[PDB]
$ cat upload.txt   # compact mmCIF, N, CA and C atoms
# COMPACT_ATOMS: atom_id res chain seq x y z
N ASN A 100 89.70 168.43 -20.98
CA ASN A 100 89.03 167.22 -21.43
C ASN A 100 88.88 166.20 -20.30
N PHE A 101 89.90 166.03 -19.46
CA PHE A 101 89.85 165.11 -18.33
C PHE A 101 88.76 165.54 -17.34
N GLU A 102 88.70 166.82 -17.00
CA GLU A 102 87.65 167.38 -16.16
C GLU A 102 86.28 167.20 -16.81
N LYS A 103 86.17 167.40 -18.13
CA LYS A 103 84.91 167.22 -18.86
C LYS A 103 84.39 165.80 -18.67
N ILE A 104 85.21 164.79 -18.94
CA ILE A 104 84.84 163.39 -18.72
C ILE A 104 84.52 163.13 -17.24
N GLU A 105 85.39 163.55 -16.32
CA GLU A 105 85.21 163.32 -14.89
C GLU A 105 83.86 163.87 -14.40
N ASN A 106 83.60 165.14 -14.71
CA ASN A 106 82.40 165.84 -14.28
C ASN A 106 81.15 165.26 -14.95
N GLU A 107 81.24 164.93 -16.24
CA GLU A 107 80.16 164.23 -16.93
C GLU A 107 79.84 162.91 -16.22
N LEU A 108 80.83 162.06 -15.96
CA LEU A 108 80.57 160.80 -15.27
C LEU A 108 79.98 161.01 -13.88
N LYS A 109 80.55 161.91 -13.07
CA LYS A 109 80.03 162.16 -11.72
C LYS A 109 78.57 162.62 -11.75
N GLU A 110 78.27 163.60 -12.59
CA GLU A 110 76.92 164.14 -12.73
C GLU A 110 75.95 163.09 -13.27
N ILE A 111 76.33 162.40 -14.35
CA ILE A 111 75.49 161.42 -15.02
C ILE A 111 75.25 160.21 -14.12
N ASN A 112 76.25 159.71 -13.40
CA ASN A 112 76.07 158.66 -12.41
C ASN A 112 75.10 159.10 -11.32
N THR A 113 75.34 160.28 -10.73
CA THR A 113 74.47 160.83 -9.68
C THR A 113 73.02 160.92 -10.16
N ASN A 114 72.82 161.46 -11.37
CA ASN A 114 71.49 161.57 -11.95
C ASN A 114 70.90 160.19 -12.25
N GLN A 115 71.64 159.28 -12.88
CA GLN A 115 71.17 157.92 -13.17
C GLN A 115 70.68 157.21 -11.90
N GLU A 116 71.45 157.27 -10.82
CA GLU A 116 71.08 156.67 -9.55
C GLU A 116 69.78 157.27 -9.00
N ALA A 117 69.68 158.61 -8.95
CA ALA A 117 68.50 159.29 -8.46
C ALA A 117 67.25 158.97 -9.29
N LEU A 118 67.37 159.03 -10.62
CA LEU A 118 66.28 158.77 -11.55
C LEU A 118 65.83 157.31 -11.45
N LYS A 119 66.77 156.36 -11.37
CA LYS A 119 66.47 154.93 -11.21
C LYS A 119 65.72 154.70 -9.90
N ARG A 120 66.17 155.30 -8.80
CA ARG A 120 65.48 155.25 -7.52
C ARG A 120 64.05 155.78 -7.65
N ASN A 121 63.87 156.98 -8.20
CA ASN A 121 62.54 157.57 -8.40
C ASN A 121 61.65 156.67 -9.27
N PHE A 122 62.20 156.09 -10.34
CA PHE A 122 61.48 155.22 -11.25
C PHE A 122 60.97 153.97 -10.52
N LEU A 123 61.83 153.35 -9.72
CA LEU A 123 61.46 152.19 -8.91
C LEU A 123 60.42 152.55 -7.84
N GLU A 124 60.58 153.68 -7.16
CA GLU A 124 59.59 154.16 -6.19
C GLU A 124 58.22 154.41 -6.84
N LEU A 125 58.18 155.08 -8.00
CA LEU A 125 56.93 155.25 -8.72
C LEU A 125 56.37 153.92 -9.24
N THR A 126 57.23 152.97 -9.61
CA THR A 126 56.76 151.64 -10.00
C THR A 126 56.03 150.98 -8.83
N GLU A 127 56.61 151.01 -7.63
CA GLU A 127 55.92 150.56 -6.42
C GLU A 127 54.60 151.30 -6.22
N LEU A 128 54.60 152.63 -6.37
CA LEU A 128 53.40 153.43 -6.22
C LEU A 128 52.29 153.04 -7.20
N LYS A 129 52.61 152.69 -8.45
CA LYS A 129 51.61 152.20 -9.42
C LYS A 129 50.86 150.99 -8.87
N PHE A 130 51.57 149.98 -8.38
CA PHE A 130 50.93 148.82 -7.76
C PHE A 130 50.16 149.19 -6.48
N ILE A 131 50.75 150.01 -5.60
CA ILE A 131 50.12 150.43 -4.34
C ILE A 131 48.76 151.07 -4.62
N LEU A 132 48.69 152.02 -5.56
CA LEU A 132 47.45 152.68 -5.94
C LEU A 132 46.44 151.68 -6.52
N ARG A 133 46.84 150.81 -7.46
CA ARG A 133 45.94 149.84 -8.09
C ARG A 133 45.28 148.91 -7.07
N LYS A 134 46.03 148.40 -6.08
CA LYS A 134 45.46 147.59 -4.98
C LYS A 134 44.58 148.43 -4.06
N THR A 135 45.05 149.60 -3.64
CA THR A 135 44.33 150.48 -2.70
C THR A 135 42.99 150.96 -3.27
N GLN A 136 42.89 151.15 -4.59
CA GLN A 136 41.68 151.61 -5.28
C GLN A 136 40.45 150.69 -5.11
N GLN A 137 40.64 149.45 -4.65
CA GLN A 137 39.56 148.51 -4.34
C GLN A 137 38.69 148.99 -3.16
N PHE A 138 39.30 149.67 -2.18
CA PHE A 138 38.61 150.22 -1.01
C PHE A 138 37.95 151.58 -1.32
N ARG A 167 35.20 159.64 11.57
CA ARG A 167 36.33 159.89 10.68
C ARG A 167 37.39 158.79 10.80
N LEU A 168 37.47 157.92 9.80
CA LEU A 168 38.53 156.91 9.70
C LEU A 168 39.84 157.52 9.15
N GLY A 169 40.95 156.81 9.35
CA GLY A 169 42.25 157.11 8.78
C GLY A 169 42.94 155.84 8.26
N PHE A 170 43.92 156.01 7.37
CA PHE A 170 44.69 154.89 6.83
C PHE A 170 46.09 155.30 6.39
N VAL A 171 46.96 154.31 6.24
CA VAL A 171 48.27 154.43 5.57
C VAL A 171 48.44 153.27 4.60
N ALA A 172 49.31 153.43 3.60
CA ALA A 172 49.58 152.41 2.59
C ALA A 172 51.04 152.43 2.14
N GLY A 173 51.55 151.28 1.71
CA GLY A 173 52.96 151.14 1.35
C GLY A 173 53.31 149.78 0.77
N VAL A 174 54.61 149.47 0.79
CA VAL A 174 55.18 148.22 0.27
C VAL A 174 56.33 147.75 1.15
N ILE A 175 56.51 146.43 1.21
CA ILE A 175 57.55 145.77 2.00
C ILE A 175 57.99 144.46 1.33
N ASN A 176 59.19 143.96 1.63
CA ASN A 176 59.58 142.60 1.27
C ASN A 176 58.65 141.59 1.98
N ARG A 177 58.10 140.63 1.24
CA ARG A 177 57.08 139.69 1.76
C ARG A 177 57.49 138.95 3.04
N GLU A 178 58.78 138.64 3.19
CA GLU A 178 59.31 137.85 4.30
C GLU A 178 59.13 138.53 5.67
N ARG A 179 58.96 139.86 5.70
CA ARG A 179 58.73 140.65 6.92
C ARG A 179 57.25 140.68 7.36
N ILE A 180 56.30 140.30 6.50
CA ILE A 180 54.85 140.42 6.76
C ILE A 180 54.41 139.74 8.07
N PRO A 181 54.86 138.52 8.42
CA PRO A 181 54.39 137.86 9.64
C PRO A 181 54.71 138.67 10.90
N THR A 182 55.96 139.11 11.04
CA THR A 182 56.39 139.94 12.17
C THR A 182 55.76 141.33 12.13
N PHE A 183 55.64 141.92 10.95
CA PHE A 183 55.01 143.22 10.74
C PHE A 183 53.54 143.22 11.20
N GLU A 184 52.73 142.28 10.69
CA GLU A 184 51.32 142.14 11.06
C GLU A 184 51.14 141.85 12.56
N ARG A 185 51.91 140.90 13.11
CA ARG A 185 51.85 140.61 14.55
C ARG A 185 52.21 141.83 15.40
N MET A 186 53.24 142.59 15.04
CA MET A 186 53.55 143.82 15.78
C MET A 186 52.44 144.87 15.69
N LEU A 187 51.73 145.01 14.57
CA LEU A 187 50.57 145.91 14.50
C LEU A 187 49.46 145.50 15.49
N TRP A 188 49.18 144.20 15.59
CA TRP A 188 48.24 143.62 16.56
C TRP A 188 48.73 143.63 18.02
N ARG A 189 50.03 143.91 18.25
CA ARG A 189 50.62 144.03 19.59
C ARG A 189 50.72 145.48 20.06
N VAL A 190 51.11 146.41 19.18
CA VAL A 190 51.22 147.84 19.52
C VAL A 190 49.83 148.47 19.68
N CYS A 191 48.92 148.21 18.73
CA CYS A 191 47.50 148.45 18.91
C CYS A 191 46.97 147.29 19.74
N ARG A 192 46.11 147.51 20.73
CA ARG A 192 45.65 146.45 21.66
C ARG A 192 44.59 145.59 20.98
N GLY A 193 45.03 144.74 20.06
CA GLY A 193 44.22 143.82 19.27
C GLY A 193 43.38 144.46 18.16
N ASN A 194 43.57 145.75 17.85
CA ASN A 194 42.72 146.46 16.89
C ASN A 194 43.51 147.15 15.77
N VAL A 195 43.42 146.58 14.57
CA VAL A 195 43.97 147.12 13.32
C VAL A 195 43.34 146.36 12.15
N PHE A 196 42.94 147.03 11.06
CA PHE A 196 42.56 146.33 9.83
C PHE A 196 43.73 146.41 8.84
N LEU A 197 44.14 145.26 8.31
CA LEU A 197 45.24 145.13 7.35
C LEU A 197 44.83 144.28 6.15
N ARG A 198 45.24 144.71 4.96
CA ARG A 198 45.25 143.87 3.75
C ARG A 198 46.61 143.96 3.07
N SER B 3 35.47 137.40 1.03
CA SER B 3 36.59 137.83 1.90
C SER B 3 36.67 139.36 2.02
N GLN B 4 37.48 140.05 1.21
CA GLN B 4 37.82 141.49 1.33
C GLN B 4 36.61 142.43 1.21
N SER B 5 35.55 142.01 0.51
CA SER B 5 34.29 142.74 0.36
C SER B 5 33.64 143.14 1.71
N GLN B 6 33.76 142.31 2.75
CA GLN B 6 33.26 142.65 4.10
C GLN B 6 33.99 143.87 4.68
N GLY B 7 35.31 143.93 4.53
CA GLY B 7 36.12 145.08 4.96
C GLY B 7 35.81 146.33 4.14
N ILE B 8 35.70 146.19 2.81
CA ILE B 8 35.28 147.28 1.91
C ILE B 8 33.94 147.87 2.35
N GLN B 9 32.93 147.02 2.57
CA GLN B 9 31.62 147.45 3.06
C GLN B 9 31.72 148.12 4.43
N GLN B 10 32.49 147.55 5.37
CA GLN B 10 32.67 148.16 6.68
C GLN B 10 33.28 149.56 6.60
N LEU B 11 34.28 149.80 5.75
CA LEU B 11 34.88 151.13 5.57
C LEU B 11 33.87 152.14 4.99
N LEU B 12 33.15 151.75 3.93
CA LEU B 12 32.15 152.61 3.29
C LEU B 12 31.00 152.94 4.25
N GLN B 13 30.46 151.92 4.92
CA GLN B 13 29.37 152.08 5.89
C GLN B 13 29.82 152.85 7.14
N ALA B 14 31.07 152.71 7.57
CA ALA B 14 31.62 153.47 8.68
C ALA B 14 31.58 154.98 8.40
N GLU B 15 32.08 155.41 7.24
CA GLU B 15 32.02 156.81 6.83
C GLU B 15 30.56 157.29 6.69
N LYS B 16 29.65 156.46 6.16
CA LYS B 16 28.22 156.79 6.06
C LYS B 16 27.59 157.02 7.44
N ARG B 17 27.81 156.10 8.39
CA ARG B 17 27.34 156.20 9.78
C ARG B 17 27.85 157.46 10.46
N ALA B 18 29.15 157.74 10.33
CA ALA B 18 29.74 158.96 10.87
C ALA B 18 29.05 160.22 10.30
N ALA B 19 28.94 160.31 8.97
CA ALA B 19 28.33 161.44 8.29
C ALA B 19 26.87 161.65 8.73
N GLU B 20 26.08 160.59 8.88
CA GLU B 20 24.69 160.68 9.35
C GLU B 20 24.60 161.31 10.75
N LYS B 21 25.28 160.74 11.75
CA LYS B 21 25.19 161.26 13.13
C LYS B 21 25.66 162.72 13.23
N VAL B 22 26.76 163.05 12.56
CA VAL B 22 27.31 164.41 12.54
C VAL B 22 26.36 165.39 11.83
N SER B 23 25.81 165.02 10.67
CA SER B 23 24.86 165.86 9.93
C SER B 23 23.59 166.13 10.73
N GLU B 24 23.02 165.10 11.36
CA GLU B 24 21.85 165.27 12.23
C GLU B 24 22.15 166.15 13.45
N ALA B 25 23.30 165.97 14.11
CA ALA B 25 23.70 166.82 15.23
C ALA B 25 23.97 168.28 14.82
N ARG B 26 24.55 168.52 13.64
CA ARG B 26 24.74 169.87 13.07
C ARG B 26 23.41 170.55 12.76
N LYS B 27 22.45 169.83 12.18
CA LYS B 27 21.08 170.32 11.96
C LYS B 27 20.40 170.65 13.29
N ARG B 28 20.48 169.78 14.30
CA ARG B 28 20.00 170.06 15.67
C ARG B 28 20.62 171.31 16.26
N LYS B 29 21.95 171.47 16.17
CA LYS B 29 22.65 172.68 16.64
C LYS B 29 22.05 173.95 16.02
N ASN B 30 21.90 174.01 14.69
CA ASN B 30 21.33 175.18 14.02
C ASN B 30 19.87 175.43 14.43
N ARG B 31 19.05 174.37 14.54
CA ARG B 31 17.66 174.47 15.03
C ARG B 31 17.58 175.03 16.46
N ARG B 32 18.42 174.55 17.38
CA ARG B 32 18.51 175.08 18.75
C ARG B 32 18.89 176.56 18.74
N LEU B 33 19.92 176.97 18.00
CA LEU B 33 20.30 178.39 17.92
C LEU B 33 19.17 179.27 17.34
N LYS B 34 18.42 178.79 16.34
CA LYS B 34 17.24 179.50 15.83
C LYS B 34 16.16 179.65 16.91
N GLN B 35 15.85 178.58 17.64
CA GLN B 35 14.91 178.61 18.77
C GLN B 35 15.36 179.56 19.89
N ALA B 36 16.67 179.65 20.18
CA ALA B 36 17.22 180.59 21.15
C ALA B 36 16.91 182.04 20.75
N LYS B 37 17.10 182.40 19.47
CA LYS B 37 16.79 183.73 18.93
C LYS B 37 15.29 184.05 18.98
N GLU B 38 14.44 183.07 18.66
CA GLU B 38 12.98 183.22 18.74
C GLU B 38 12.49 183.44 20.19
N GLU B 39 12.95 182.62 21.14
CA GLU B 39 12.62 182.82 22.56
C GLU B 39 13.17 184.14 23.09
N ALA B 40 14.39 184.52 22.69
CA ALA B 40 14.95 185.81 23.03
C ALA B 40 14.04 186.95 22.55
N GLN B 41 13.58 186.92 21.30
CA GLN B 41 12.71 187.96 20.77
C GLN B 41 11.39 188.05 21.54
N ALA B 42 10.79 186.93 21.94
CA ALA B 42 9.57 186.94 22.76
C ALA B 42 9.78 187.68 24.10
N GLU B 43 10.90 187.43 24.77
CA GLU B 43 11.25 188.16 26.00
C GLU B 43 11.52 189.65 25.72
N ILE B 44 12.21 189.96 24.62
CA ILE B 44 12.49 191.34 24.19
C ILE B 44 11.19 192.12 23.91
N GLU B 45 10.19 191.52 23.26
CA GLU B 45 8.88 192.15 23.08
C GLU B 45 8.19 192.43 24.42
N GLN B 46 8.23 191.48 25.36
CA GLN B 46 7.67 191.70 26.70
C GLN B 46 8.36 192.85 27.44
N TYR B 47 9.69 192.96 27.37
CA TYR B 47 10.40 194.13 27.89
C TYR B 47 9.95 195.42 27.20
N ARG B 48 9.92 195.47 25.87
CA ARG B 48 9.47 196.65 25.12
C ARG B 48 8.07 197.08 25.56
N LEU B 49 7.12 196.15 25.62
CA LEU B 49 5.75 196.41 26.05
C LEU B 49 5.71 196.98 27.47
N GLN B 50 6.49 196.42 28.40
CA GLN B 50 6.57 196.95 29.76
C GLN B 50 7.13 198.38 29.79
N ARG B 51 8.20 198.67 29.04
CA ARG B 51 8.76 200.03 28.92
C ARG B 51 7.74 201.01 28.35
N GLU B 52 6.97 200.61 27.34
CA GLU B 52 5.89 201.42 26.78
C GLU B 52 4.79 201.72 27.80
N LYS B 53 4.29 200.70 28.51
CA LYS B 53 3.27 200.88 29.56
C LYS B 53 3.74 201.82 30.66
N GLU B 54 4.98 201.65 31.12
CA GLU B 54 5.60 202.53 32.11
C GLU B 54 5.73 203.96 31.58
N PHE B 55 6.21 204.16 30.35
CA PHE B 55 6.34 205.50 29.77
C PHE B 55 5.00 206.22 29.67
N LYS B 56 3.95 205.51 29.25
CA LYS B 56 2.58 206.04 29.25
C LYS B 56 2.13 206.47 30.65
N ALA B 57 2.43 205.68 31.68
CA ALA B 57 2.15 206.04 33.07
C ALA B 57 2.94 207.28 33.52
N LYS B 58 4.24 207.38 33.22
CA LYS B 58 5.06 208.56 33.52
C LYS B 58 4.51 209.81 32.84
N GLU B 59 4.12 209.71 31.57
CA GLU B 59 3.50 210.82 30.83
C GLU B 59 2.17 211.26 31.47
$ encode --input "upload.txt" --output "structure tokens"
Amino acid sequence: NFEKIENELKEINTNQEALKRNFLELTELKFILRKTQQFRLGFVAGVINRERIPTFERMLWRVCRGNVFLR
Amino acid sequence: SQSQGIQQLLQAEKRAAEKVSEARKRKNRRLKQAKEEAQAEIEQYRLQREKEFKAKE
């Protein structure tokens, strides 16, 4: 019985964490797709904490020699 | 605002597709012309071989 409880908690915690992570990642993906749907070229798309955007955008304009389109 | 970027992306792919499609059509037309000019030279060779064979006979 002790092993039953122990193994149930370990497995269920592990699964809960993984499923919650996947759920949050797909939640981000729902918004990413809805915004992206408004638009040989190439592109990438994603999500970030808003506070990093100023440094993120400036570094894209620094690593590429003044050439990048961002929304 | 964002509509200018949307139009630039759509028109960029259109411009690319046009130049590539026209160059692919030109490539196929050139290869067809190569085969036609080749056949004209091949007929001239055949005719020369026939004239020579008639002379040998």
$ interface_residues --input "upload.txt" --of "chain A" --to "chain B" --cutoff "8 Å" --atoms "only C-alpha atoms" --output "list in words"
residues 137, 138, 167 and 168 of chain A
$ axis_aligned_box --input "upload.txt" --around "region 123-168 of chain A" --padding-each-side "8 Å" --output "JSON"
{"center_x": 48.5, "center_y": 153.7, "center_z": 0.8, "size_x": 42.6, "size_y": 28.3, "size_z": 37.6}
$ select_by_dssp --input "upload.txt" --residues "chain A" --states "alpha helix (DSSP H)" --output "ChimeraX atom specification"
/A:101-135,180-190
$ atom_distance --input "upload.txt" --atom1 "CA of residue 193 (chain A)" --atom2 "CA of residue 136 (chain A)"
25.9 Å
$ atom_distance --input "upload.txt" --atom1 "atom N of residue 128 (chain A)" --atom2 "atom C of residue 198 (chain A)"
15.1 Å
$ atom_distance --input "upload.txt" --atom1 "atom C of residue 26 (chain B)" --atom2 "atom C of residue 44 (chain B)"
27.2 Å
